[PDB]
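Student: fold the following for me, if possible:
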Amino acid sequence: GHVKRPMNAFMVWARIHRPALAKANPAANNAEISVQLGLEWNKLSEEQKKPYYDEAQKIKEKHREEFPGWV
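Tutor: Residues are numbered from 1 along each chain as shown. Pasting the structure now:
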């Protein structure tokens, strides 16, 4: 609804990068770290974002293995 396809790719990128960013900027709280992750994500080129979108799609497909109709 409010969530669009970029968010799932961004969340892959964030899961990878948040822990080290939090430790490197430990005076910042989680909400501020989240803002910094979003700015870093938006500086990536379309080509750089591609593998995160590709991985988000693989994750989606793996989730759909739970559904009736898988195999």
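
Student: so what's the residue nearest the centre of the chain up against?
Tutor: Centroid check for the chain by C-alpha atoms, centre = their mean gives residue 11 as the closest residue, at 1.8 Å. Contacts for residue 11 (C-beta atoms under 8 Å, 6 or more residues apart in numbering) come out as residue 56. The C-beta positions use only the backbone N, C-alpha and C, and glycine is treated the same way.

Student: phi, psi for it please.
Tutor: Main-chain dihedrals, residue 11, degrees, to the nearest 10: phi -70, psi -30.

Student: distance check, it against residue 70.
Tutor: Separation of residue 11 from residue 70 (C-beta to C-beta, to the nearest Å): 23 Å.

Student: count the neighbours of residue 51 for me.
Tutor: By the criterion of other C-beta atoms under 10 Å, residue 51 has 12 neighbours.
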